[PDB]
Amino acid sequence: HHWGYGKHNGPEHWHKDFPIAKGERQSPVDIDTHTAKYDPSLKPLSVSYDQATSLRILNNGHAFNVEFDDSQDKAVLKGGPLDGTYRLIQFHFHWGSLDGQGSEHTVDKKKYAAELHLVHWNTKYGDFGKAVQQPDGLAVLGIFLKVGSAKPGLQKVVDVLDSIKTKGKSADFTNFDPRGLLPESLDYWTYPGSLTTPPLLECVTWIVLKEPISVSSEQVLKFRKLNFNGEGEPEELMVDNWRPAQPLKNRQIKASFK
Ligand SMILES: CCCCCNC(=O)c1ccc(S(N)(=O)=O)cc1
Ligand SMILES: [Zn+2]
């Protein structure tokens with residue numbers, strides 16, 4: 001209303017309605033693997049998704065969100081750089097028109113085909129709307145996708161996309177296990193940043209996994225058949241819904257691994 005990813009409403013325009021777009025702790029950023037310092041004081045992440053309760057999948061005109069029941073402490077993220085308990089509320093992806101672009105974070109300027117964002121809020125703030133107003137209010141676990149072998153645990157998501165083609169469509173999406181989207185290693189980089197879509201709030205501890213997951217060309221092709229537009233409107237394929245890397249400014253990216 002009315003930001004997006006086109007020439008006329010894309011990331012270069014966002015600052016006019018969201019001046020924080022040019023702030024001191026914007027996301028995503030380039031992760032320079034030769035400058036990120038190993039921090040032996042960081043903990044192992046704790047990803048506790050055994051009791052995750054998925055509910056619904058929604059095309060919101062910018063991406064699709066798989067939404068979770070976050071009414072109590074079911075699926076949580078703890079440890080690593082975090083203090084306290086962060087509840088999973090939704091996940092979504094950003095992806096490209098072609099395999100050579102699509103991720104938001106980059107690694108030594110490398111763009112991956114896509115990036116998964118598992119979004120969690122700090123339960124010391126009571127609700128999500130209060131958490132986004134706090135510098136430590138969110139933790140977003142970011143996972144790179146490369147194209148290769150299919151990811152079996154992604155197939156249930158790609159199979160429902162046909163039913164939520166256009167903006168505002170949703171579908172029942174219960175009993176989905178987000179553990180099937182994780183890579184084997186939980187080695188990560190961490191830095192303080194922001195939501196990567198308007199309102200671009202500076203409320204996120206970013207935790208970006210080093211190990212990408214592999215998805216097949218057919219899987220990511222099915223992402224690219226979604227529409228940014230509503231039913232009956234001229235078709236605009238949902239592709240290139242990523243914000244480019246933003247200035248690092250006065251921030252250090254820390255590595256969990258040597
Ligand atoms: C209550 C404020 C409404 C904000 C609506 N926006 C989000 O809840 C949001 C979540 C995650 C990300 S991301 N791409 O950085 O993971 C971006 C935006
Ligand atoms: Zn995102």
Side-chain angles (χ1 to χ4, degrees), residues 3-15 18 21-22 26-36 59-66 90-119 140-151 154-155 157-158 161 164-167 181-183 188-189 191 193-198 200 204 206-229 235-248 251 253:
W3 68 271
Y5 293 99
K7 217 184 86 194
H8 305 287
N9 68 352
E12 292 322 298
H13 291 273
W14 294 349
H15 69 100
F18 306 92
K22 298 197 207 281
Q26 294 288 294
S27 289
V29 300
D30 180 59
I31 295 160
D32 189 281
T33 60
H34 292 108
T35 303
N59 179 337
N60 63 15
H62 307 106
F64 63 89
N65 291 351
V66 171
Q90 51 103 336
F91 71 75
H92 59 272
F93 302 78
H94 305 266
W95 63 89
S97 47
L98 285 192
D99 302 348
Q101 59 188 35
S103 62
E104 299 210 303
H105 295 94
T106 56
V107 178
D108 299 330
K109 303 293 183 77
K110 173 183 180 49
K111 301 171 166 88
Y112 283 90
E115 190 178 322
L116 166 59
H117 284 164
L118 294 132
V119 182
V140 185
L141 178 53
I143 299 175
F144 296 119
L145 279 60
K146 66 177 207 206
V147 177
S149 310
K151 188 76 165 165
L154 183 64
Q155 195 59 36
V157 170
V158 301
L161 295 185
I164 60 154
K165 184 180 174 154
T166 51
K167 179 185 186 182
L181 297 178
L182 302 176
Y188 64 87
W189 295 283
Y191 77 92
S194 76
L195 303 186
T196 68
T197 50
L200 302 170
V204 183
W206 274 95
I207 300 168
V208 178
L209 299 187
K210 176 198 21 137
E211 190 185 324
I213 56 164
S214 291
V215 300
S216 62
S217 66
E218 301 79 357
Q219 289 178 321
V220 70
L221 284 160
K222 285 169 193 195
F223 285 19
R224 299 185 186 128
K225 293 173 84 117
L226 288 167
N227 282 186
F228 283 132
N229 53 281
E235 188 172 41
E236 300 170 83
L237 296 175
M238 183 179 281
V239 293
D240 293 320
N241 54 351
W242 47 277
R243 187 187 195 193
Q246 294 308 302
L248 188 60
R251 292 182 284 184
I253 301 171

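Keep in mind that the numbers below use all heavy atoms, side chains included, and drop hydrogens, waters and symmetry copies. One-based numbering along the sequence shown.
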Participant: Just so I know, are the side chains of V119 and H92 near enough to count as touching, which here means a heavy-atom distance under 4.5 Å?
Facilitator: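 A side-chain contact under 4.5 Å exists here.
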
Participant: For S216 and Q219, indicate whether the former's side chain and the latter's backbone hold a donor-acceptor pair under 3.5 Å.
Facilitator: yes

Participant: Where is the tightest heavy-atom contact between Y191 and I253, given as atom of each residue plus distance?
Facilitator: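 Scanning both residues, the minimum pair turns out to be CB-CG1, 3.9 Å.
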
Participant: How long is the straight-line distance from CE of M238 back to OG1 of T166, given to the nearest 0.5 Å?
Facilitator: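 Here the rounded value is 9.5 Å.
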
Participant: Give the C-alpha distance, both sets of side-chain angles, the deciding distance and a yes or no for side-chain contact (heavy atoms from CB on, under 4.5 Å) between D32 and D108.
Facilitator: CA-CA 5 Å; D32 189 281; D108 299 330; 3.9 Å; yes

Participant: Flag yes if more than 12 heavy atoms outside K151 fall under 6.0 Å of its NZ atom; otherwise flag no.
Facilitator: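 Correct, the count exceeds 12.
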
Participant: Show, in sequence, the C-alpha distance, side-chain angles and deciding distance for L221 and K225, and conclude whether the side-chain contact (heavy atoms from CB on, under 4.5 Å) test is met.
Facilitator: CA-CA 7 Å; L221 284 160; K225 293 173 84 117; 5.9 Å; no

Participant: Between the side chain of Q101 and the main-chain N/O of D99, is any donor-acceptor distance below 3.5 Å?
Facilitator: no

Participant: Which heavy-atom pair separates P212 from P183 by the least distance, and what is that distance?
Facilitator: O-CB, 4.1 Å

Participant: Side-chain contact test, heavy atoms from C-beta onward, threshold under 4.5 Å: evaluate it for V157 versus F91 and give yes or no.
Facilitator: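 Touching, per the 4.5 Å side-chain cut-off.
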
Participant: Just how far is it from atom CD of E211 to atom CG of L182, taken to the nearest 0.5 Å?
Facilitator: 10.0 Å

Participant: What distance separates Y188 OH from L209 CG, expressed to the nearest 0.5 Å?
Facilitator: 10.0 Å

Participant: Output yes when a side-chain donor or acceptor of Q26 lies under 3.5 Å from a complementary backbone atom of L200, and no otherwise.
Facilitator: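 Here the side-chain-to-backbone pair exists.
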
Participant: Specify the closest pair of heavy atoms between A113 and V147, including all atoms of both residues, with the distance to one decimal.
Facilitator: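 Here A113 and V147 meet closest at CB-CG2, 3.8 Å.
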
Participant: Tell me the closest heavy-atom pair linking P247 and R251, and the distance in Å.
Facilitator: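 Answer, listing the atom of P247 first, then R251: O-NH2, 2.9 Å.
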
Participant: Taking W14 for the side chain and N9 for the main chain, is one N or O donor matched with an acceptor at less than 3.5 Å?
Facilitator: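 Judged by distance alone, yes, a pair lies under 3.5 Å.
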
Participant: To the nearest 0.5 Å, what is the distance between CD on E104 and CD on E115?
Facilitator: 5.5 Å

Participant: Is the backbone N or O of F228 less than 3.5 Å from a side-chain atom of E236, with the two atoms forming a donor-acceptor pair by type?
Facilitator: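 Answer holds: no.
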
Participant: Could you check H94 against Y112 for side-chain contact (heavy atoms from CB on, under 4.5 Å), going step by step and ending with a plain yes or no?
Facilitator: CA-CA 10 Å; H94 305 266; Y112 283 90; over 6 Å; no

Participant: Nearest heavy-atom pair of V208 and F144: which atoms, and what distance?
Facilitator: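 That closest heavy-atom pairing would be CG1-CE1, 3.5 Å.
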
Participant: What closest approach, in Å, do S97 and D240 show between heavy atoms, and which atom pair accounts for it?
Facilitator: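 Result for this residue pair: OG-OD2, 2.7 Å.
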
Participant: Quick one: are the ring centres of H105 and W189 less than 6.0 Å apart?
Facilitator: no

Participant: Can you name the one residue among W3, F93, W95 that meets ring-ring contact (aromatic ring centres under 6.0 Å, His included) with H62?
Facilitator: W3

Participant: Charged N to carboxylate O below 4.0 Å: is that the case for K165 and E235?
Facilitator: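 Judged by the 4.0 Å cut-off on N to carboxylate O distance, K165 and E235 do form a salt bridge.
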
Participant: Would you check if the side chain of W242 reaches a backbone N or O of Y5 as a donor-acceptor pair within less than 3.5 Å?
Facilitator: no

Participant: Nearest 0.5 angstrom please: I213 CD1 to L145 CG, how far?
Facilitator: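 Answer rounded to 0.5 Å: 4.0 Å.
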
Participant: Go through it in stages, so that I can follow the logic: the residues are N227 and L237, the test is side-chain contact (heavy atoms from CB on, under 4.5 Å), and I'd like the CA-CA distance, side-chain angles, deciding distance and then a yes or no.
Facilitator: CA-CA 5 Å; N227 282 186; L237 296 175; 3.8 Å; yes

Participant: Could you check whether any side-chain N or O of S194 sits under 3.5 Å from a backbone N or O of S27, counting only pairs where one atom can act as donor and the other as acceptor?
Facilitator: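 Judged by distance alone, yes, a pair lies under 3.5 Å.
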
Participant: For the residue pair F223 and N241, establish whether any side-chain heavy-atom pair is separated by less than 4.5 Å.
Facilitator: no

Participant: Does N229 use its side chain to pair, donor to acceptor, with the backbone of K167 at less than 3.5 Å?
Facilitator: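 The answer is no, because no donor-acceptor pair under 3.5 Å joins these two groups.
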
Participant: What distance do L161 atom CG and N59 atom CG have between them, rounded to the nearest 0.5 Å?
Facilitator: 9.0 Å

